[PDB]
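Below is one structure, written out as structure tokens; the observations come after it.
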Amino acid sequence: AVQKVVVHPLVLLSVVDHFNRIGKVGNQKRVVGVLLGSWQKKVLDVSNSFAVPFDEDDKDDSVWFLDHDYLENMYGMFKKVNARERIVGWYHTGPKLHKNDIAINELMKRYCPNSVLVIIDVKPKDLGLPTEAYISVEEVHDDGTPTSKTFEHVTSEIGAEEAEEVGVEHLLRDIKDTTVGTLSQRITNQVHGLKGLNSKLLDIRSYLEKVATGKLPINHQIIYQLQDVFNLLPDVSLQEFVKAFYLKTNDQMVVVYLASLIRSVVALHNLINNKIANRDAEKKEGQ
Amino acid sequence: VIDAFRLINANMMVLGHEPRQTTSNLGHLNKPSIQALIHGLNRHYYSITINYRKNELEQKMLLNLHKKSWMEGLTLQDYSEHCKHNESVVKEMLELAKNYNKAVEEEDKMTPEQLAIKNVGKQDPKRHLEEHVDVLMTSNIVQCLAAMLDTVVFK
Amino acid sequence: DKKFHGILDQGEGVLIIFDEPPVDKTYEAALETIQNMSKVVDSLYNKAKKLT
Amino acid sequence: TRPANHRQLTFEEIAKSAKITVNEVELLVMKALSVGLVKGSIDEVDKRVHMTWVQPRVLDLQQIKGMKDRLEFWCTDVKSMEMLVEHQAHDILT
Amino acid sequence: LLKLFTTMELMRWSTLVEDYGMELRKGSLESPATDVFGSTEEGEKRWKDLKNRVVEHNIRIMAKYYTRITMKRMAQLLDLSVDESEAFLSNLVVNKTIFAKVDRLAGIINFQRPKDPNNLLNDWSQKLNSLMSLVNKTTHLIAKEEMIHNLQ
């Protein structure tokens with residue numbers, strides 16, 4: 001199992017590039033490639049990738065051709081180029097998982113005993129990362145239903161080598177805004193977090209709408225998880241949590257006040273120095 | 001740092017020719033570096049200007065780099081660690097306040113070397129005090145706002 | 001002598017014992033910093049009004 | 001069945017519900033906690049069983065709908081503060 | 001017996017002795033009974049130590065399950081009188097094995113340490129973090145079920 005996975009800007013760029021290549025060549029709506037990386041302790045760093053010729057139908061959910069001969073040729077060649085980048089999984093640029101994903105994961109597992117799929121949604125997004133990482137795992141159902149292979153999510157994030165960071169920063173030299181300030185950036189992070197929480201709640205609400213109306217069968221694991229969450233929701237009017245909140249709010253506002261006073265004194269010192277310099281310069285000019 | 005090149009012909013450079021045609025004013029790349037000039041630029045090879053392609057789509061993922069999940073956006077720092085950090089930082093602020101009182105005293109007193117050679121090798125109470133107030137105020141304001149937003153949204 | 005935090009109720013004849021909270025060091029440091037920055041502001045008087 | 005706020009159970013209530021006595025409800029509650037079906041604590045001085053979590057239970061369609069309404073309320077609150085923060089910090093907010 | 005001592009639940013020493021005592025301290029001619037509790041000075045000491053271990057187990061269970069308790073009940077559940085029970089609890093507290101404040105006037109014992117604002121807000125923030133993680137997990141389950149039941 002892999003709890004954490006780090007994808008790289010080179011991987012993202014190559015995935016976008018492969019999607020564009022296939023779009024220009026024909027019309028598939030999805031592209032699949034192989035993903036090479038390292039195995040830092042319980043952390044999968046996927047450093048590179050290469051496209052492989054993949055095709056599938058839209059109806060049977062079983063008619064799909066993946067060229068593992070091309071896969072192994074390209075992998076051995078990339079091994080000749082660089083050795084540390086071993087097969088670590090595969091990627092497919094679908095907006096969402098597919099039925100074939102389990103079979104393709106088995107085909108990859110024929111190569112990597114612990115293969116991690118990463119859906120790299122090439123379509124631009126706003127409230128989430130572009131990579132969704134999954135790992136196949138057997139689901140031993142408690143209700144006696146037969147055990148079946150299923151995809152399990154693993155926390156995925158984007159990280160860069162030193163050179164990758166240098167390159168991406170050069171590319172974003174004029175777009176990325178760095179004159180924001182730490183406080184402004186953190187407030188932006190807070191509002192983005194609120195937006196993400198709202199998006200997750202809206203997804204759950206839509207699923208509940210579908211289930212209640214009847215499109216989706218009752219999923220007992222999901223219902224268990226939902227009621228566990230709703231029970232985990234805290235109470236902020238207990239008359240003891242309120243006292244603790246006020247006590248810590250004051251314990252923080254005292255420090256904020258001290259810092260503000262110190263900043264005010266420093267600003268007054270700067271003003272005194274500036275006015276002293278101004279008078280000295282003016283008097284010397286008048287001399 | 002990257003540069004494109006193609007080689008000048010020995011034949012032409014001996015038979016008096018410039019192996020580049022100056023139709024445009026695009027020969028102002030960077031005032032080529034002395035390293036390249038001494039290593040053989042403008043004699044055996046020439047530099048070709050380099051630009052880049054902007055798609056506004058790859059740039060979206062390059063921006064998605066450094067991005068933090070809403071978990072991190074809404075997480076509150078460990079309150080015990082936060083209190084310990086505030087205590088410590090206020091302690092260094094106290095010491096720097098003593099040193100700032102000392103420095104402001106013997107600042108206008110004499111300024112022959114105060115300009116540049118009175119802080120080298122010695123701590124600057126004003127600068128470090130500014131740094132401490134900035135960092136602690138950022139932390140405290142951010143955690144207060146996070147706590148309040150959490151108290152409401154997770155009700 | 002502060003060898004334990006408690007109060008002796010004579011009437012009933014009992015001994016109440018308090019888990020006295022520790023003294024906050026942040027406020028101690030804040031007050032001392034306020035004093036030192038008051039010294040700084042006095043020095044700022046001295047610089048400014050004499051020069052300004 | 002009890003809500004998430006007034007989920008304090010008295011020995012008398014549990015005894016009436018389970019046809020046991022207040023002297024055995026205490027052992028019953030400790031057995032429940034040990035087997036892990038519920039989480040909480042017991043205050044026998046006031047004979048109140050504070051509870052904070054129960055084993056997830058199957059829900060009917062009406063219960064799913066009620067949970068959906070609760071989720072809608074939560075989503076409205078989240079959206080309200082998203083809007084408030086954005087509007088109040090619009091200047092600095094990037 | 002090992003199961004009883006490794007179970008996270010109370011156990012009365014009276015029933016412990018009744019069910020097991022006759023076949024640990026004596027008896028079991030078919031399967032010789034060990035000498036760990038034989039009728040000799042050291043065996044008596046070991047039996048008293050077993051009683052102490054039983055009381056310690058009961059006190060630990062009550063400490064972890066109870067927010068508050070009265071001595072008249074703690075002694076009853078420990079099969080000791082109020083004086084011996086409170087002396088044992090005082091010994092444990094002094095040794096710092098178990099924390100418990102004993103309000104003798106009201107005849108109460110509470111095993112909960114005084115509420116700290118830091119601890120309270122830390123518990124609240126941990127609840128919030130677990131809630132965010134659980135909503136992420138549940139939405140991943142939503143995605144999985146939608147994948148399985150949406151295309152066909």
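Residue names in the structure tokens use chain letters A, B, ... in the order shown, residue numbers from 1 in each chain, and ligand numbers from 1 in the order shown.
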
Contacts of residue 108 in chain B within 12 Å, only C-alpha atoms, excl. fewer than 4 positions in-chain, as an MDAnalysis selection string | (chainID A and resid 269 272:273 276:277) or (chainID B and resid 102:104 112:115) or (chainID C and resid 43:44 46:48 50:51)

With a cut-off of 9 Å and counting only C-alpha atoms, select all residues of chain C in contact with chain E and give the selection as a PyMOL selection string.
-> chain C and resi 14+16+19

For residue 109 in chain E: contacts at 8 Å, only C-alpha atoms, fewer than 6 positions along chain excluded, given as a PyMOL selection string = chain E and resi 68-71+100-103

Dump C-alpha atoms for the selected residues as a compact mmCIF listing (two decimals), in the first residue's frame?
# COMPACT_ATOMS: atom_id res chain seq x y z
CA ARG E 68 -17.11 10.36 38.06
CA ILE E 69 -17.98 7.84 40.77
CA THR E 70 -18.83 7.59 44.47
CA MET E 71 -16.74 5.74 47.04
CA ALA E 100 -8.29 10.34 40.72
CA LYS E 101 -9.49 13.23 42.88
CA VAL E 102 -11.49 12.11 45.92
CA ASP E 103 -14.02 14.56 47.35

Please identify every residue of chain C that has at least one atom no farther than 6 Å from an atom of chain B, counting only C-alpha atoms, and for each give the shortest atom pair and the distance in Å to one decimal, arranged by chain then increasing number, as CSV.
residue,atom,partner,partner_atom,distance
C:26,CA,B:87,CA,4.7
C:29,CA,B:91,CA,5.8
C:33,CA,B:94,CA,4.6
C:36,CA,B:98,CA,5.8
C:37,CA,B:97,CA,6.0
C:40,CA,B:101,CA,4.6

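Once residue 4 in chain D and its same-chain neighbours fewer than 6 positions away are set aside, residues 230, 231, 232, 233, 234 and 235 of chain A; 51, 52 and 53 of chain D remain within 10 Å of it when counting only C-alpha atoms.
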
Would you save the residues from that selection as a PDB file, in the first residue's frame, using C-alpha atoms?
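Full text of selection-v8.pdb as output:
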ATOM      1  CA  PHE A 230     -22.685  13.768  10.985  1.00  0.00           C
ATOM      2  CA  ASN A 231     -22.215  12.380  14.491  1.00  0.00           C
ATOM      3  CA  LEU A 232     -18.596  13.574  14.496  1.00  0.00           C
ATOM      4  CA  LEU A 233     -19.831  17.111  13.828  1.00  0.00           C
ATOM      5  CA  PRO A 234     -19.054  19.072  17.028  1.00  0.00           C
ATOM      6  CA  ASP A 235     -21.185  21.327  19.221  1.00  0.00           C
TER       7      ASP A 235
ATOM      8  CA  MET D  51     -22.458   9.127  25.054  1.00  0.00           C
ATOM      9  CA  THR D  52     -20.580  10.386  22.005  1.00  0.00           C
ATOM     10  CA  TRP D  53     -20.740   7.647  19.344  1.00  0.00           C
TER      11      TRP D  53
END

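Within 8 Å of chain D, chain A contributes the residues residues 180, 184, 185, 187, 188, 191, 194, 195, 197, 198, 201, 202, 205, 208, 209, 212, 220, 223, 224, 225, 227, 228, 231, 232 and 235 of chain A, using only C-alpha atoms.
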
Once you count only C-alpha atoms, which residues of chain E turn out to be within 12 Å of chain D? Could you give them as number ranges by chain?
-> E: 6-12, 58, 61-74, 76-77, 103, 106-112, 127, 135

With a cut-off of 9 Å, could you pull out the residues of chain E touching chain A and give me the nearest pair of atoms for each, distance in Å to one decimal, using only C-alpha atoms, ordered by chain and ascending number, as a tab-separated table?
residue	atom	partner	partner_atom	distance
E:116	CA	A:244	CA	7.8
E:117	CA	A:244	CA	4.5
E:118	CA	A:244	CA	7.6
E:120	CA	A:241	CA	6.9
E:121	CA	A:244	CA	7.0
E:124	CA	A:234	CA	7.1
E:127	CA	A:232	CA	6.6
E:128	CA	A:233	CA	7.5
E:130	CA	A:232	CA	8.1
E:131	CA	A:229	CA	5.8
E:132	CA	A:197	CA	8.0
E:134	CA	A:229	CA	6.4
E:135	CA	A:229	CA	7.0
E:136	CA	A:200	CA	7.3
E:137	CA	A:153	CA	8.0
E:138	CA	A:225	CA	6.2
E:139	CA	A:204	CA	6.3
E:140	CA	A:153	CA	7.0
E:141	CA	A:222	CA	6.6
E:142	CA	A:207	CA	6.9
E:143	CA	A:96	CA	8.1
E:144	CA	A:151	CA	7.7
E:145	CA	A:219	CA	7.9
E:146	CA	A:216	CA	8.0
E:147	CA	A:97	CA	6.3
E:148	CA	A:99	CA	7.2
E:149	CA	A:216	CA	7.1
E:150	CA	A:216	CA	8.4
E:151	CA	A:99	CA	8.5

Pick out each residue of range 96-142 of chain E that DSSP on the backbone tags as strand (DSSP E or B); I need them as a ChimeraX atom specification.
-> /E:101-103,108-110

Do you have the CA of residue 117 in chain B-CA of residue 281 in chain A distance handy?
-> 21.6 Å

For chain B against chain D, with a cut-off of 12 Å and counting only C-alpha atoms, what is the closest atom pair and its distance in Å to one decimal for every residue that makes the cut, ordered by chain and number, as a Markdown table?
| residue | atom | partner | partner_atom | distance |
| --- | --- | --- | --- | --- |
| B:74 | CA | D:82 | CA | 12.0 |
| B:145 | CA | D:85 | CA | 9.6 |
| B:146 | CA | D:85 | CA | 10.9 |
| B:148 | CA | D:81 | CA | 10.2 |
| B:149 | CA | D:81 | CA | 7.2 |
| B:150 | CA | D:78 | CA | 9.5 |
| B:151 | CA | D:81 | CA | 11.0 |
| B:152 | CA | D:77 | CA | 7.6 |
| B:153 | CA | D:78 | CA | 5.2 |
| B:154 | CA | D:74 | CA | 7.8 |
| B:155 | CA | D:74 | CA | 7.9 |

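Of the residues under consideration (A:173, A:125, A:263, A:30), A:263 shows the shortest atom-to-atom contact distance to chain C when counting only C-alpha atoms.
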
Can you build me a table of chain B residues sitting at most 8 Å from chain E, with the closest atom pair per residue and its distance in Å to one decimal, using only C-alpha atoms, sorted by chain and residue number, as a tab-separated table?
residue	atom	partner	partner_atom	distance
B:71	CA	E:132	CA	6.5
B:75	CA	E:129	CA	6.7
B:76	CA	E:125	CA	6.3
B:78	CA	E:122	CA	6.4
B:79	CA	E:118	CA	5.8
B:80	CA	E:118	CA	5.9
B:150	CA	E:128	CA	7.9
B:154	CA	E:128	CA	7.3

Go ahead and write the residues just picked, N, CA, C and O atoms, as a PDB file, in the first residue's frame.
ATOM      1  N   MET B  71      -8.015  20.421   3.273  1.00  0.00           N
ATOM      2  CA  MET B  71      -7.632  19.945   4.598  1.00  0.00           C
ATOM      3  C   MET B  71      -6.614  20.885   5.224  1.00  0.00           C
ATOM      4  O   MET B  71      -6.805  21.378   6.341  1.00  0.00           O
ATOM      5  N   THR B  75      -7.136  23.416   8.390  1.00  0.00           N
ATOM      6  CA  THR B  75      -6.597  22.806   9.599  1.00  0.00           C
ATOM      7  C   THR B  75      -6.142  23.864  10.595  1.00  0.00           C
ATOM      8  O   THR B  75      -5.569  24.891  10.220  1.00  0.00           O
ATOM      9  N   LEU B  76      -6.400  23.606  11.874  1.00  0.00           N
ATOM     10  CA  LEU B  76      -5.903  24.444  12.954  1.00  0.00           C
ATOM     11  C   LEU B  76      -4.600  23.874  13.492  1.00  0.00           C
ATOM     12  O   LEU B  76      -4.465  22.660  13.671  1.00  0.00           O
ATOM     13  N   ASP B  78      -1.787  22.819  16.121  1.00  0.00           N
ATOM     14  CA  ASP B  78      -1.865  22.265  17.466  1.00  0.00           C
ATOM     15  C   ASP B  78      -1.799  23.383  18.493  1.00  0.00           C
ATOM     16  O   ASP B  78      -0.815  24.124  18.558  1.00  0.00           O
ATOM     17  N   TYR B  79      -2.858  23.505  19.296  1.00  0.00           N
ATOM     18  CA  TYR B  79      -2.989  24.666  20.170  1.00  0.00           C
ATOM     19  C   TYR B  79      -1.861  24.730  21.191  1.00  0.00           C
ATOM     20  O   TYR B  79      -1.364  25.816  21.506  1.00  0.00           O
ATOM     21  N   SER B  80      -1.449  23.581  21.730  1.00  0.00           N
ATOM     22  CA  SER B  80      -0.335  23.576  22.673  1.00  0.00           C
ATOM     23  C   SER B  80       0.943  24.071  22.007  1.00  0.00           C
ATOM     24  O   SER B  80       1.675  24.897  22.569  1.00  0.00           O
ATOM     25  N   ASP B 150     -14.090  27.657  11.480  1.00  0.00           N
ATOM     26  CA  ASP B 150     -14.385  26.274  11.837  1.00  0.00           C
ATOM     27  C   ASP B 150     -15.555  26.197  12.805  1.00  0.00           C
ATOM     28  O   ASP B 150     -16.472  25.390  12.621  1.00  0.00           O
ATOM     29  N   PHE B 154     -18.347  24.017  10.882  1.00  0.00           N
ATOM     30  CA  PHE B 154     -18.510  22.720  11.541  1.00  0.00           C
ATOM     31  C   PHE B 154     -19.300  22.934  12.829  1.00  0.00           C
ATOM     32  O   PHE B 154     -18.773  22.885  13.942  1.00  0.00           O
TER      33      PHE B 154
END

Per-residue nearest contacts of chain A to chain C (12 Å; only C-alpha atoms) as JSON lines:
{"residue": "A:250", "atom": "CA", "partner": "C:27", "partner_atom": "CA", "distance": 11.1}
{"residue": "A:251", "atom": "CA", "partner": "C:26", "partner_atom": "CA", "distance": 8.4}
{"residue": "A:252", "atom": "CA", "partner": "C:26", "partner_atom": "CA", "distance": 9.9}
{"residue": "A:253", "atom": "CA", "partner": "C:27", "partner_atom": "CA", "distance": 11.4}
{"residue": "A:254", "atom": "CA", "partner": "C:27", "partner_atom": "CA", "distance": 8.0}
{"residue": "A:255", "atom": "CA", "partner": "C:30", "partner_atom": "CA", "distance": 7.6}
{"residue": "A:256", "atom": "CA", "partner": "C:30", "partner_atom": "CA", "distance": 10.6}
{"residue": "A:257", "atom": "CA", "partner": "C:30", "partner_atom": "CA", "distance": 9.7}
{"residue": "A:258", "atom": "CA", "partner": "C:30", "partner_atom": "CA", "distance": 6.7}
{"residue": "A:259", "atom": "CA", "partner": "C:30", "partner_atom": "CA", "distance": 9.5}
{"residue": "A:260", "atom": "CA", "partner": "C:34", "partner_atom": "CA", "distance": 11.6}
{"residue": "A:261", "atom": "CA", "partner": "C:34", "partner_atom": "CA", "distance": 8.7}
{"residue": "A:262", "atom": "CA", "partner": "C:37", "partner_atom": "CA", "distance": 7.5}
{"residue": "A:263", "atom": "CA", "partner": "C:37", "partner_atom": "CA", "distance": 10.8}
{"residue": "A:264", "atom": "CA", "partner": "C:41", "partner_atom": "CA", "distance": 10.7}
{"residue": "A:265", "atom": "CA", "partner": "C:41", "partner_atom": "CA", "distance": 7.2}
{"residue": "A:266", "atom": "CA", "partner": "C:41", "partner_atom": "CA", "distance": 9.7}
{"residue": "A:267", "atom": "CA", "partner": "C:44", "partner_atom": "CA", "distance": 11.5}
{"residue": "A:268", "atom": "CA", "partner": "C:44", "partner_atom": "CA", "distance": 8.6}
{"residue": "A:269", "atom": "CA", "partner": "C:44", "partner_atom": "CA", "distance": 7.1}
{"residue": "A:270", "atom": "CA", "partner": "C:44", "partner_atom": "CA", "distance": 10.6}
{"residue": "A:271", "atom": "CA", "partner": "C:48", "partner_atom": "CA", "distance": 10.0}
{"residue": "A:272", "atom": "CA", "partner": "C:48", "partner_atom": "CA", "distance": 6.4}
{"residue": "A:273", "atom": "CA", "partner": "C:48", "partner_atom": "CA", "distance": 8.8}
{"residue": "A:274", "atom": "CA", "partner": "C:52", "partner_atom": "CA", "distance": 10.9}
{"residue": "A:275", "atom": "CA", "partner": "C:52", "partner_atom": "CA", "distance": 7.8}
{"residue": "A:276", "atom": "CA", "partner": "C:52", "partner_atom": "CA", "distance": 6.9}
{"residue": "A:277", "atom": "CA", "partner": "C:52", "partner_atom": "CA", "distance": 10.6}
{"residue": "A:278", "atom": "CA", "partner": "C:52", "partner_atom": "CA", "distance": 10.8}
{"residue": "A:279", "atom": "CA", "partner": "C:52", "partner_atom": "CA", "distance": 8.8}
{"residue": "A:280", "atom": "CA", "partner": "C:51", "partner_atom": "CA", "distance": 10.5}

Interface residues on chain B facing chain A, 8 Å, only C-alpha atoms, written as number ranges by chain | B: 57-74, 86, 90, 126, 129-130, 133-134, 136-138, 140-142, 144, 146, 151, 154-155

Writer output for current selection, N, CA and C atoms, as a compact mmCIF listing (two decimals), in the first residue's frame:
# COMPACT_ATOMS: atom_id res chain seq x y z
N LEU B 57 -2.92 26.29 -20.70
CA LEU B 57 -3.48 25.03 -20.20
C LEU B 57 -2.47 24.25 -19.38
N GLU B 58 -1.24 24.09 -19.88
CA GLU B 58 -0.17 23.56 -19.05
C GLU B 58 0.11 24.48 -17.87
N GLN B 59 -0.03 25.79 -18.09
CA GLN B 59 0.19 26.75 -17.02
C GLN B 59 -0.77 26.54 -15.87
N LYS B 60 -1.96 26.03 -16.14
CA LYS B 60 -2.91 25.75 -15.07
C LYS B 60 -2.36 24.69 -14.12
N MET B 61 -1.77 23.62 -14.67
CA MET B 61 -1.18 22.59 -13.81
C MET B 61 0.09 23.09 -13.14
N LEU B 62 0.90 23.86 -13.86
CA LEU B 62 2.09 24.43 -13.23
C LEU B 62 1.70 25.33 -12.06
N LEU B 63 0.54 25.99 -12.14
CA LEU B 63 0.03 26.74 -11.00
C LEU B 63 -0.53 25.82 -9.93
N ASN B 64 -1.17 24.72 -10.35
CA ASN B 64 -1.67 23.75 -9.39
C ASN B 64 -0.54 23.20 -8.53
N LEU B 65 0.68 23.22 -9.05
CA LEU B 65 1.85 23.01 -8.19
C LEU B 65 1.87 24.06 -7.09
N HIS B 66 2.44 23.68 -5.94
CA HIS B 66 2.43 24.44 -4.69
C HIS B 66 1.05 24.53 -4.06
N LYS B 67 0.02 23.99 -4.70
CA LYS B 67 -1.33 24.12 -4.17
C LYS B 67 -1.52 23.21 -2.96
N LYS B 68 -2.31 23.67 -2.00
CA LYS B 68 -2.59 22.93 -0.78
C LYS B 68 -4.06 22.52 -0.77
N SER B 69 -4.32 21.32 -0.26
CA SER B 69 -5.68 20.82 -0.18
C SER B 69 -6.47 21.59 0.88
N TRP B 70 -7.79 21.53 0.75
CA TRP B 70 -8.64 22.22 1.72
C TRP B 70 -8.45 21.67 3.13
N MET B 71 -8.01 20.42 3.27
CA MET B 71 -7.63 19.94 4.60
C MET B 71 -6.61 20.89 5.22
N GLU B 72 -5.53 21.16 4.50
CA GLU B 72 -4.49 22.04 5.02
C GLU B 72 -5.00 23.47 5.13
N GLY B 73 -5.86 23.88 4.19
CA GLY B 73 -6.41 25.23 4.26
C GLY B 73 -7.17 25.49 5.54
N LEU B 74 -7.96 24.51 5.99
CA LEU B 74 -8.83 24.69 7.14
C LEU B 74 -8.27 24.11 8.43
N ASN B 86 4.15 31.04 20.73
CA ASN B 86 3.92 32.43 21.12
C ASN B 86 4.75 32.79 22.34
N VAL B 90 7.65 35.64 22.09
CA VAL B 90 7.56 36.82 22.94
C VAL B 90 8.79 36.95 23.82
N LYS B 126 16.15 46.02 15.95
CA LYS B 126 14.98 46.49 15.22
C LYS B 126 14.57 45.50 14.14
N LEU B 129 13.22 42.27 15.75
CA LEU B 129 11.93 42.55 16.36
C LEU B 129 10.84 42.66 15.30
N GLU B 130 11.14 43.32 14.17
CA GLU B 130 10.19 43.37 13.07
C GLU B 130 9.87 41.97 12.56
N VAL B 133 7.59 40.17 15.19
CA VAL B 133 6.22 40.66 15.21
C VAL B 133 5.49 40.20 13.96
N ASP B 134 6.14 40.28 12.80
CA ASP B 134 5.50 39.83 11.56
C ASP B 134 5.08 38.38 11.67
N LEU B 136 4.74 36.25 14.27
CA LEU B 136 3.77 35.89 15.30
C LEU B 136 2.40 36.46 14.98
N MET B 137 2.34 37.69 14.46
CA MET B 137 1.05 38.28 14.12
C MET B 137 0.39 37.51 13.00
N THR B 138 1.15 37.13 11.97
CA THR B 138 0.60 36.29 10.92
C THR B 138 0.01 35.01 11.51
N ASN B 140 -0.96 34.21 14.58
CA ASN B 140 -2.10 34.39 15.47
C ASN B 140 -3.35 34.80 14.71
N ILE B 141 -3.23 35.75 13.79
CA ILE B 141 -4.40 36.17 13.02
C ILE B 141 -4.95 35.00 12.22
N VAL B 142 -4.06 34.25 11.56
CA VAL B 142 -4.51 33.14 10.73
C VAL B 142 -5.21 32.09 11.58
N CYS B 144 -6.70 32.49 14.52
CA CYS B 144 -7.97 33.01 15.01
C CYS B 144 -9.04 32.91 13.93
N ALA B 146 -9.09 30.92 11.32
CA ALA B 146 -9.40 29.52 11.08
C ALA B 146 -10.32 28.96 12.15
N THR B 151 -15.55 27.05 13.84
CA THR B 151 -16.64 27.03 14.80
C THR B 151 -17.98 27.21 14.11
N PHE B 154 -18.35 24.02 10.88
CA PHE B 154 -18.51 22.72 11.54
C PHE B 154 -19.30 22.93 12.83
N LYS B 155 -20.60 23.17 12.66
CA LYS B 155 -21.48 23.45 13.79
C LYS B 155 -22.35 22.23 14.11

Pull the alpha helix (DSSP H) assignments for range 2-47 of chain C out of DSSP run on the backbone, and list those residues as a ChimeraX atom specification.
-> /C:25-47

Dump of N, CA and C atoms for the selected residues, as an mmCIF file, in the first residue's frame:
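selection.cif written:
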data_model
loop_
_atom_site.group_PDB
_atom_site.id
_atom_site.type_symbol
_atom_site.label_atom_id
_atom_site.label_comp_id
_atom_site.auth_asym_id
_atom_site.auth_seq_id
_atom_site.Cartn_x
_atom_site.Cartn_y
_atom_site.Cartn_z
ATOM 1 N N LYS C 25 3.389 32.229 31.249
ATOM 2 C CA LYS C 25 4.634 32.927 30.960
ATOM 3 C C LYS C 25 4.486 33.934 29.829
ATOM 4 N N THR C 26 3.512 33.736 28.938
ATOM 5 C CA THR C 26 3.327 34.670 27.834
ATOM 6 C C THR C 26 2.974 36.059 28.347
ATOM 7 N N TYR C 27 2.086 36.144 29.340
ATOM 8 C CA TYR C 27 1.729 37.451 29.885
ATOM 9 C C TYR C 27 2.890 38.074 30.651
ATOM 10 N N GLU C 28 3.662 37.264 31.376
ATOM 11 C CA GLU C 28 4.848 37.790 32.044
ATOM 12 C C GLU C 28 5.793 38.425 31.033
ATOM 13 N N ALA C 29 6.091 37.694 29.957
ATOM 14 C CA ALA C 29 6.986 38.215 28.932
ATOM 15 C C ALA C 29 6.387 39.440 28.253
ATOM 16 N N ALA C 30 5.070 39.445 28.040
ATOM 17 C CA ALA C 30 4.429 40.593 27.408
ATOM 18 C C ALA C 30 4.542 41.837 28.278
ATOM 19 N N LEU C 31 4.318 41.697 29.585
ATOM 20 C CA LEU C 31 4.446 42.844 30.479
ATOM 21 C C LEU C 31 5.882 43.346 30.529
ATOM 22 N N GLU C 32 6.849 42.430 30.615
ATOM 23 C CA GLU C 32 8.242 42.858 30.651
ATOM 24 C C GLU C 32 8.633 43.540 29.342
ATOM 25 N N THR C 33 8.135 43.024 28.215
ATOM 26 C CA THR C 33 8.385 43.655 26.925
ATOM 27 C C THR C 33 7.743 45.032 26.853
ATOM 28 N N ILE C 34 6.555 45.190 27.438
ATOM 29 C CA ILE C 34 5.919 46.503 27.471
ATOM 30 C C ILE C 34 6.782 47.481 28.253
ATOM 31 N N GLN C 35 7.328 47.039 29.386
ATOM 32 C CA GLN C 35 8.216 47.903 30.161
ATOM 33 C C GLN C 35 9.451 48.295 29.351
ATOM 34 N N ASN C 36 10.082 47.315 28.704
ATOM 35 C CA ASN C 36 11.290 47.604 27.939
ATOM 36 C C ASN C 36 10.994 48.520 26.757
ATOM 37 N N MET C 37 9.860 48.324 26.091
ATOM 38 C CA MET C 37 9.516 49.200 24.982
ATOM 39 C C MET C 37 9.075 50.573 25.468
ATOM 40 N N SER C 38 8.613 50.686 26.714
ATOM 41 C CA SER C 38 8.437 52.004 27.313
ATOM 42 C C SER C 38 9.776 52.702 27.488
ATOM 43 N N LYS C 39 10.797 51.957 27.907
ATOM 44 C CA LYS C 39 12.142 52.525 27.935
ATOM 45 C C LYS C 39 12.571 52.963 26.535
ATOM 46 N N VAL C 40 12.249 52.148 25.527
ATOM 47 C CA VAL C 40 12.565 52.498 24.142
ATOM 48 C C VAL C 40 11.863 53.791 23.742
ATOM 49 N N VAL C 41 10.590 53.933 24.112
ATOM 50 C CA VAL C 41 9.837 55.131 23.752
ATOM 51 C C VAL C 41 10.389 56.352 24.476
ATOM 52 N N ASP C 42 10.876 56.179 25.704
ATOM 53 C CA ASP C 42 11.555 57.283 26.377
ATOM 54 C C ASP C 42 12.808 57.694 25.612
ATOM 55 N N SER C 43 13.592 56.712 25.163
ATOM 56 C CA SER C 43 14.745 57.029 24.326
ATOM 57 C C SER C 43 14.317 57.725 23.039
ATOM 58 N N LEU C 44 13.145 57.372 22.513
ATOM 59 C CA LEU C 44 12.659 58.009 21.294
ATOM 60 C C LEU C 44 12.251 59.456 21.550
ATOM 61 N N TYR C 45 11.605 59.729 22.687
ATOM 62 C CA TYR C 45 11.462 61.112 23.137
ATOM 63 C C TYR C 45 12.804 61.823 23.092
ATOM 64 N N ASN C 46 13.791 61.253 23.787
ATOM 65 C CA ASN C 46 15.091 61.905 23.907
ATOM 66 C C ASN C 46 15.672 62.230 22.538
ATOM 67 N N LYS C 47 15.597 61.286 21.602
ATOM 68 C CA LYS C 47 16.136 61.539 20.269
ATOM 69 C C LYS C 47 15.322 62.603 19.540
#

Counting only C-alpha atoms, what is within 9 Å of residue 50 in chain B, bar same-chain residues fewer than 5 positions away, as a PyMOL selection string?
-> chain B and resi 2-4+29

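Picture a line from CA of residue 32 in chain A to CA of residue 19 in chain A; it runs 8.6 Å.
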
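Between CA of residue 39 in chain A and CA of residue 140 in chain A the interatomic distance comes to 27.2 Å.
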
Distance criterion (only C-alpha atoms): nearest to residue 50 in chain E out of E:17, E:92, E:80, E:87 | E:17
